[PDB]
file data_14.tsv (TSV, C-alpha atoms and all ligand atoms)
chain	number	residue	atom	x	y	z
A	1	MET	CA	-95.27	235.85	-6.10
A	2	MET	CA	-91.72	235.71	-4.84
A	3	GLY	CA	-91.58	233.19	-1.99
A	4	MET	CA	-92.98	230.34	-4.09
A	5	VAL	CA	-90.98	231.43	-7.10
A	6	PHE	CA	-87.89	230.74	-5.01
A	7	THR	CA	-89.27	227.31	-4.07
A	8	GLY	CA	-89.61	226.26	-7.71
A	9	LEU	CA	-86.13	227.58	-8.52
A	10	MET	CA	-84.43	225.73	-5.61
A	11	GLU	CA	-86.10	222.45	-6.53
A	12	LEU	CA	-85.17	222.83	-10.21
A	13	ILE	CA	-81.40	223.25	-9.73
A	14	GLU	CA	-81.18	220.55	-7.06
A	15	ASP	CA	-82.77	217.85	-9.19
A	16	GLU	CA	-81.46	218.91	-12.60
A	17	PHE	CA	-77.77	219.23	-11.82
A	18	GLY	CA	-77.09	218.59	-8.14
A	19	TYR	CA	-76.99	220.13	-4.72
A	20	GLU	CA	-73.41	221.31	-5.18
A	21	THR	CA	-74.57	223.51	-8.03
A	22	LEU	CA	-77.44	224.76	-5.85
A	23	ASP	CA	-74.74	225.44	-3.24
A	24	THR	CA	-72.95	227.82	-5.64
A	25	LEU	CA	-76.22	229.70	-6.25
A	26	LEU	CA	-76.62	230.12	-2.49
A	27	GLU	CA	-73.08	231.49	-2.22
A	28	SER	CA	-73.81	234.19	-4.80
A	29	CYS	CA	-76.74	235.44	-2.74
A	30	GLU	CA	-75.83	235.99	0.91
A	31	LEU	CA	-78.71	235.16	3.21
A	32	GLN	CA	-79.20	237.17	6.38
A	33	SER	CA	-81.86	234.83	7.75
A	34	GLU	CA	-82.64	231.17	7.07
A	35	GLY	CA	-82.82	231.83	3.36
A	36	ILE	CA	-85.90	229.72	2.69
A	37	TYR	CA	-89.20	231.04	4.02
A	38	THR	CA	-92.69	230.53	2.70
A	39	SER	CA	-94.92	232.49	0.33
A	40	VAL	CA	-95.92	235.62	2.21
A	41	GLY	CA	-93.04	238.08	1.72
A	42	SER	CA	-92.23	240.35	-1.21
A	43	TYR	CA	-88.59	240.88	-2.13
A	44	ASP	CA	-87.18	243.09	-4.85
A	45	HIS	CA	-87.11	242.25	-8.53
A	46	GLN	CA	-83.33	242.50	-8.69
A	47	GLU	CA	-83.16	239.72	-6.09
A	48	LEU	CA	-84.70	237.23	-8.53
A	49	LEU	CA	-82.52	238.66	-11.30
A	50	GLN	CA	-79.32	238.08	-9.30
A	51	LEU	CA	-80.16	234.37	-9.01
A	52	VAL	CA	-81.07	234.39	-12.67
A	53	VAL	CA	-77.79	235.86	-13.94
A	54	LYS	CA	-75.90	233.34	-11.80
A	55	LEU	CA	-78.04	230.56	-13.34
A	56	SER	CA	-77.13	231.91	-16.72
A	57	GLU	CA	-73.40	231.68	-16.05
A	58	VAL	CA	-73.37	228.56	-13.88
A	59	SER	CA	-75.34	226.29	-16.21
A	60	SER	CA	-74.74	228.32	-19.39
A	61	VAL	CA	-78.49	228.54	-19.86
A	62	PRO	CA	-79.83	231.57	-21.66
A	63	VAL	CA	-82.17	233.93	-19.85
A	64	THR	CA	-84.86	233.22	-22.46
A	65	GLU	CA	-84.46	229.43	-22.66
A	66	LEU	CA	-84.45	229.30	-18.87
A	67	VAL	CA	-87.45	231.62	-18.58
A	68	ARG	CA	-89.43	229.21	-20.81
A	69	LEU	CA	-88.69	225.94	-18.96
A	70	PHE	CA	-89.03	227.68	-15.59
A	71	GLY	CA	-92.52	228.85	-16.58
A	72	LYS	CA	-93.62	225.23	-17.14
A	73	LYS	CA	-92.47	223.95	-13.70
A	74	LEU	CA	-94.04	226.66	-11.51
A	75	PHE	CA	-97.36	226.80	-13.41
A	76	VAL	CA	-98.04	223.05	-13.02
A	77	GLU	CA	-97.10	223.45	-9.36
A	78	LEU	CA	-100.09	225.77	-8.88
A	79	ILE	CA	-102.29	223.19	-10.62
A	80	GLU	CA	-101.21	220.64	-8.02
A	81	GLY	CA	-101.43	223.37	-5.39
A	82	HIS	CA	-105.09	224.25	-5.85
A	83	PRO	CA	-107.19	221.21	-6.57
A	84	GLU	CA	-110.45	223.13	-6.57
A	85	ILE	CA	-109.00	225.80	-8.81
A	86	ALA	CA	-108.61	223.09	-11.45
A	87	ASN	CA	-112.15	221.79	-10.85
A	88	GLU	CA	-113.69	225.25	-11.30
A	89	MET	CA	-111.95	225.61	-14.68
A	90	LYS	CA	-113.53	224.04	-17.76
A	91	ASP	CA	-110.95	224.66	-20.46
A	92	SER	CA	-107.94	226.78	-21.34
A	93	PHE	CA	-110.12	229.10	-23.43
A	94	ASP	CA	-112.50	229.59	-20.49
A	95	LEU	CA	-109.32	230.09	-18.42
A	96	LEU	CA	-108.56	233.19	-20.50
A	97	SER	CA	-112.02	234.57	-19.72
A	98	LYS	CA	-111.55	233.74	-16.02
A	99	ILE	CA	-108.06	235.16	-15.40
A	100	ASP	CA	-109.18	238.73	-14.74
A	101	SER	CA	-112.58	237.89	-13.23
A	102	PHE	CA	-111.76	235.63	-10.26
A	103	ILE	CA	-108.23	234.21	-10.47
A	104	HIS	CA	-106.35	237.49	-9.86
A	105	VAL	CA	-109.25	239.05	-7.96
A	106	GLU	CA	-109.39	236.37	-5.32
A	107	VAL	CA	-105.62	236.58	-4.84
A	108	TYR	CA	-105.65	240.42	-4.76
A	109	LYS	CA	-108.26	240.36	-2.01
A	110	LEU	CA	-106.47	237.65	-0.04
A	111	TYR	CA	-102.97	239.03	-0.73
A	112	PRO	CA	-102.48	242.78	-0.57
A	113	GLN	CA	-98.76	242.74	-1.28
A	114	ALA	CA	-99.40	242.32	-5.00
A	115	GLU	CA	-100.27	244.89	-7.64
A	116	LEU	CA	-101.62	244.47	-11.15
A	117	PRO	CA	-101.95	246.69	-14.18
A	118	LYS	CA	-104.79	247.10	-16.68
A	119	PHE	CA	-106.25	244.13	-18.55
A	120	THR	CA	-108.79	244.12	-21.40
A	121	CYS	CA	-110.02	241.42	-23.78
A	122	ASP	CA	-111.53	241.88	-27.22
A	123	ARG	CA	-113.00	239.06	-29.30
A	124	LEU	CA	-112.37	239.01	-33.03
A	125	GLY	CA	-113.98	235.63	-33.56
A	126	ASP	CA	-113.50	231.99	-32.74
A	127	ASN	CA	-110.02	231.42	-34.14
A	128	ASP	CA	-108.80	234.90	-33.17
A	129	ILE	CA	-108.85	236.57	-29.73
A	130	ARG	CA	-107.02	239.71	-28.55
A	131	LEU	CA	-105.36	240.40	-25.24
A	132	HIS	CA	-104.21	243.90	-24.38
A	133	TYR	CA	-101.81	244.34	-21.51
A	134	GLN	CA	-100.89	247.79	-20.22
A	135	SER	CA	-97.73	247.59	-18.15
A	136	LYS	CA	-94.36	249.33	-17.95
A	137	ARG	CA	-92.58	245.99	-17.52
A	138	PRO	CA	-93.61	243.91	-20.48
A	139	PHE	CA	-91.55	240.77	-21.00
A	140	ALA	CA	-93.04	238.76	-23.84
A	141	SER	CA	-90.85	235.74	-23.10
A	142	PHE	CA	-92.18	235.54	-19.54
A	143	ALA	CA	-95.82	235.78	-20.65
A	144	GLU	CA	-95.42	232.96	-23.19
A	145	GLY	CA	-93.84	230.80	-20.50
A	146	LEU	CA	-97.00	230.96	-18.40
A	147	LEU	CA	-99.62	230.80	-21.20
A	148	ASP	CA	-97.93	227.88	-22.95
A	149	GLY	CA	-97.37	226.10	-19.61
A	150	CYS	CA	-101.13	226.02	-19.08
A	151	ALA	CA	-101.57	224.59	-22.58
A	152	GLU	CA	-98.90	222.09	-21.57
A	153	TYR	CA	-100.94	220.42	-18.82
A	154	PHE	CA	-104.09	220.35	-20.98
A	155	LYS	CA	-102.04	219.26	-24.02
A	156	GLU	CA	-103.81	221.66	-26.38
A	157	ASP	CA	-102.47	223.53	-29.38
A	158	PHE	CA	-102.88	227.29	-29.20
A	159	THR	CA	-100.40	229.80	-30.60
A	160	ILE	CA	-99.57	233.12	-28.99
A	161	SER	CA	-98.42	235.80	-31.42
A	162	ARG	CA	-97.66	239.51	-31.38
A	163	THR	CA	-98.11	242.51	-33.66
A	164	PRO	CA	-95.30	244.54	-35.14
A	165	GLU	CA	-96.89	247.85	-34.19
A	166	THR	CA	-96.04	247.34	-30.53
A	167	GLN	CA	-93.57	244.55	-31.18
A	168	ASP	CA	-90.69	246.83	-30.23
A	169	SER	CA	-92.59	249.22	-27.99
A	170	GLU	CA	-93.26	249.24	-24.28
A	171	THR	CA	-96.24	250.33	-22.14
A	172	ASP	CA	-98.73	248.59	-24.43
A	173	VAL	CA	-98.55	245.23	-26.18
A	174	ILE	CA	-101.06	243.72	-28.58
A	175	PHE	CA	-101.23	239.95	-28.51
A	176	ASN	CA	-103.04	237.70	-30.94
A	177	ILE	CA	-104.13	234.20	-29.97
A	178	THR	CA	-105.01	231.93	-32.88
A	179	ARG	CA	-106.47	228.43	-32.82
A	180	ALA	CA	-104.68	226.38	-35.44
A	181	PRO	CA	-105.97	223.13	-36.91
A	182	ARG	CA	-103.44	221.54	-34.60
A	183	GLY	CA	-101.97	219.59	-37.49
A	184	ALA	CA	-101.45	222.08	-40.26
A	185	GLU	CA	-99.10	224.95	-40.95
A	186	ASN	CA	-97.89	227.17	-43.79
A	187	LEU	CA	-101.44	227.47	-45.09
A	188	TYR	CA	-101.15	231.16	-45.88
A	189	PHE	CA	-98.06	233.28	-45.35
A	190	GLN	CA	-95.88	234.61	-42.55
A	201	LIG	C1	-101.93	231.60	-17.33
A	201	LIG	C2	-102.44	232.01	-16.16
A	201	LIG	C3	-102.12	233.29	-15.54
A	201	LIG	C4	-101.60	234.36	-16.20
A	201	LIG	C5	-101.50	234.53	-17.64
A	201	LIG	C6	-101.09	235.20	-15.25
A	201	LIG	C7	-100.46	236.36	-15.53
A	201	LIG	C8	-99.86	237.16	-14.61
A	201	LIG	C9	-99.10	238.25	-14.93
A	201	LIG	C10	-98.95	238.85	-16.24
A	201	LIG	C11	-98.38	238.55	-13.81
A	201	LIG	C12	-97.36	239.57	-13.68
A	201	LIG	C13	-96.26	239.34	-14.60
A	201	LIG	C14	-95.72	240.61	-15.04
A	201	LIG	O1	-96.46	241.56	-15.19
A	201	LIG	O2	-94.52	240.72	-15.25
A	201	LIG	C15	-98.88	237.76	-12.81
A	201	LIG	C16	-98.56	237.90	-11.50
A	201	LIG	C17	-99.22	237.28	-10.50
A	201	LIG	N1	-100.01	236.18	-10.68
A	201	LIG	FE1	-100.62	235.42	-12.33
A	201	LIG	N2	-101.23	234.68	-13.99
A	201	LIG	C18	-101.88	233.50	-14.21
A	201	LIG	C19	-102.25	232.64	-13.23
A	201	LIG	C20	-101.91	232.78	-11.93
A	201	LIG	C21	-102.11	231.82	-10.97
A	201	LIG	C22	-102.48	230.44	-11.18
A	201	LIG	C23	-101.90	232.44	-9.77
A	201	LIG	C24	-102.42	231.98	-8.49
A	201	LIG	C25	-103.72	231.94	-8.17
A	201	LIG	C26	-101.51	233.72	-10.05
A	201	LIG	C27	-101.11	234.69	-9.07
A	201	LIG	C28	-100.42	235.90	-9.41
A	201	LIG	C29	-100.11	236.90	-8.54
A	201	LIG	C30	-100.58	237.05	-7.18
A	201	LIG	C31	-99.40	237.82	-9.25
A	201	LIG	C32	-99.12	239.19	-8.86
A	201	LIG	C33	-98.15	239.82	-9.75
A	201	LIG	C34	-96.88	239.14	-9.63
A	201	LIG	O3	-96.78	237.98	-9.98
A	201	LIG	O4	-95.91	239.75	-9.21
A	201	LIG	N3	-101.39	233.92	-11.40
A	201	LIG	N4	-99.83	236.89	-13.27
A	202	LIG	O1	-85.07	212.81	-13.57
A	202	LIG	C1	-85.86	213.90	-13.77
A	202	LIG	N1	-85.89	214.46	-14.99
A	202	LIG	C2	-86.69	215.53	-15.14
A	202	LIG	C3	-86.74	216.13	-16.46
A	202	LIG	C4	-87.81	215.71	-17.33
A	202	LIG	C5	-87.57	216.45	-18.47
A	202	LIG	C6	-88.41	216.34	-19.62
A	202	LIG	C7	-88.64	215.13	-20.25
A	202	LIG	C8	-89.45	215.43	-21.26
A	202	LIG	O2	-89.74	216.77	-21.30
A	202	LIG	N2	-89.03	217.38	-20.18
A	202	LIG	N3	-86.49	217.21	-18.28
A	202	LIG	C9	-85.90	218.13	-19.26
A	202	LIG	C10	-85.52	219.46	-18.64
A	202	LIG	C11	-86.50	220.35	-18.23
A	202	LIG	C12	-86.14	221.63	-17.81
A	202	LIG	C13	-84.80	221.96	-17.66
A	202	LIG	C14	-83.82	221.05	-18.03
A	202	LIG	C15	-84.17	219.79	-18.49
A	202	LIG	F1	-83.22	218.88	-18.78
A	202	LIG	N4	-85.91	217.07	-17.04
A	202	LIG	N5	-87.45	216.10	-14.18
A	202	LIG	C16	-87.40	215.53	-12.97
A	202	LIG	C17	-86.61	214.42	-12.72
A	202	LIG	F2	-86.57	213.86	-11.50
call {"tool": "encode", "arguments": {"input": "data_14.tsv", "output": "structure tokens", "more": "lines below"}}
Ligand code: HEM
Ligand SMILES: Oc1nc(-c2cc(-c3ccon3)n(Cc3ccccc3F)n2)ncc1F
result
Amino acid sequence: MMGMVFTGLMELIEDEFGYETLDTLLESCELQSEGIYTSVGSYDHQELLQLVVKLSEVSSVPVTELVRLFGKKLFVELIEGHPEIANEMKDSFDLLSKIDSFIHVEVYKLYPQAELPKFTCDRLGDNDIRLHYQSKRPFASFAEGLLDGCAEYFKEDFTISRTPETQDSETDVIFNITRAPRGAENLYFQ
């Protein structure tokens, strides 16, 4: 995921502010080749970061506020990119129990330039679910951008939380997904 992440980013700055602004972004990153390929490569992580820090100084958009909105655009692009991937899904909850089984397994088999960490899923009940992610590069803001984007297309109301034990720790993060009434809050505390 790097060639199509560039596609979403180019389309976002061109429509939101202009092509002149997109021109400045291009100037910051010198391009040896054409500069716009297709999804099939695999650049560095700093490459994406360089275009992110320029987007944080050119539009004055924070790296966290931009990571949220960016998550929404690219995720719905995949929905309109794989029509039968949407048909096979039944709900966002089922989506959580399908992410590790076939979604990232089918891609891994048909795309060897990607690598994934460990994923486990415990079930506490109906209104509580737990997702454990073991990775050395855990960005909570990025994860919320993709999970909430999915709940954006469906228009549901799920809330992704986190625990304080690994709240400020890396390598392992404990997430808590809770199904709220969808129209109630401040029922208990915290
Ligand atoms: C909400 C749905 C999904 C979740 C939560 C999810 C989550 C992830 C995570 C956590 C990463 C790596 C991010 C990181 O560790 O920093 C990732 C990467 C990737 N995802 Fe997804 N993904 C989802 C759906 C998709 C979809 C729709 C596609 C396409 C079929 C897809 C293709 C990939 C590929 C190939 C990677 C490899 C790792 C990378 O992005 O660098 N993902 N996904
Ligand atoms: O004219 C167009 N406008 C938009 C658009 C639509 C929304 C929106 C409206 C309701 O919720 N989000 N935004 C807000 C926004 C989103 C992300 C970044 C900056 C932003 F300002 N931008 N997208 C395509 C167009 F062709």
call {"tool": "residues_near_ligand", "arguments": {"input": "data_14.tsv", "ligand": "ligand LIG 202 (chain A)", "cutoff": "12 Å", "atoms": "all atoms listed in the file", "output": "PyMOL selection string"}}
result
chain A and resi 8-9+11-18+55+59-62+65-74+152
call {"tool": "residues_near_ligand", "arguments": {"input": "data_14.tsv", "ligand": "ligand LIG 201 (chain A)", "cutoff": "7 Å", "atoms": "all atoms listed in the file", "output": "ChimeraX atom specification"}}
result
/A:1,75,78,99,103-104,107-108,114-116,135,137-139,143,146-147,150
call {"tool": "atom_distance", "arguments": {"input": "data_14.tsv", "atom1": "CA of residue 39 in chain A", "atom2": "CA of residue 154 in chain A"}}
result
26.2 Å
call {"tool": "closest_residue", "arguments": {"input": "data_14.tsv", "among": "A:167, A:142, A:180, A:10", "to": "residue 63 in chain A", "atoms": "all atoms listed in the file"}}
result
A:142
call {"tool": "closest_atom_pairs", "arguments": {"input": "data_14.tsv", "of": "range 35-114 of chain A", "to": "range 158-163 of chain A", "cutoff": "12 Å", "atoms": "all atoms listed in the file", "output": "JSON lines"}}
result
{"residue": "A:92", "atom": "CA", "partner": "A:158", "partner_atom": "CA", "distance": 9.4}
{"residue": "A:93", "atom": "CA", "partner": "A:158", "partner_atom": "CA", "distance": 9.4}
{"residue": "A:96", "atom": "CA", "partner": "A:158", "partner_atom": "CA", "distance": 11.9}
call {"tool": "atom_distance", "arguments": {"input": "data_14.tsv", "atom1": "CA of residue 141 in chain A", "atom2": "CA of residue 64 in chain A"}}
result
6.5 Å
call {"tool": "axis_aligned_box", "arguments": {"input": "data_14.tsv", "around": "range 60-77 of chain A", "padding_each_side": "8 Å", "output": "lines of an AutoDock Vina configuration file"}}
result
center_x = -86.4
center_y = 228.5
center_z = -16.0
size_x = 39.3
size_y = 26.9
size_z = 29.3
call {"tool": "closest_residue", "arguments": {"input": "data_14.tsv", "among": "A:189, A:111, A:153, A:37", "to": "residue 80 in chain A", "atoms": "only C-alpha atoms"}}
result
A:153
call {"tool": "residues_around", "arguments": {"input": "data_14.tsv", "residues": "residue 173 in chain A", "least_positions_apart": "3", "cutoff": "7 Å", "atoms": "all atoms listed in the file", "output": "VMD selection string"}}
result
chain A and resid 132 to 134 166 170
call {"tool": "write_last_selection", "arguments": {"input": "data_14.tsv", "atoms": "C-alpha atoms", "output": "PDB file, keeping the file's coordinate frame"}}
result
ATOM      1  CA  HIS A 132    -104.210 243.900 -24.380  1.00  0.00           C
ATOM      2  CA  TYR A 133    -101.810 244.340 -21.510  1.00  0.00           C
ATOM      3  CA  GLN A 134    -100.890 247.790 -20.220  1.00  0.00           C
ATOM      4  CA  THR A 166     -96.040 247.340 -30.530  1.00  0.00           C
ATOM      5  CA  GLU A 170     -93.260 249.240 -24.280  1.00  0.00           C
TER       6      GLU A 170
END
call {"tool": "residues_near_point", "arguments": {"input": "data_14.tsv", "point": "(-81.6, 236.9, -10.7)", "cutoff": "12 Å", "atoms": "all atoms listed in the file", "output": "MDAnalysis selection string"}}
result
chainID A and resid 2 5:6 9 25:26 28:29 43:57 63 66:67
call {"tool": "closest_residue", "arguments": {"input": "data_14.tsv", "among": "A:3, A:42, A:35, A:190", "to": "residue 113 in chain A", "atoms": "all atoms listed in the file"}}
result
A:42
call {"tool": "atom_distance", "arguments": {"input": "data_14.tsv", "atom1": "CA of residue 174 in chain A", "atom2": "CA of residue 131 in chain A"}}
result
6.4 Å
call {"tool": "closest_residue", "arguments": {"input": "data_14.tsv", "among": "A:179, A:118, A:136, A:98", "to": "residue 157 in chain A", "atoms": "only C-alpha atoms"}}
result
A:179
call {"tool": "residues_around", "arguments": {"input": "data_14.tsv", "residues": "residue 128 in chain A", "least_positions_apart": "3", "cutoff": "8 Å", "atoms": "all atoms listed in the file", "output": "list in words"}}
result
residues 123, 124, 125, 176, 177, 178 and 179 of chain A
call {"tool": "closest_residue", "arguments": {"input": "data_14.tsv", "among": "A:88, A:77, A:148, A:185", "to": "residue 7 in chain A", "atoms": "all atoms listed in the file"}}
result
A:77
call {"tool": "closest_residue", "arguments": {"input": "data_14.tsv", "among": "A:22, A:85, A:187, A:117", "to": "residue 100 in chain A", "atoms": "all atoms listed in the file"}}
result
A:117
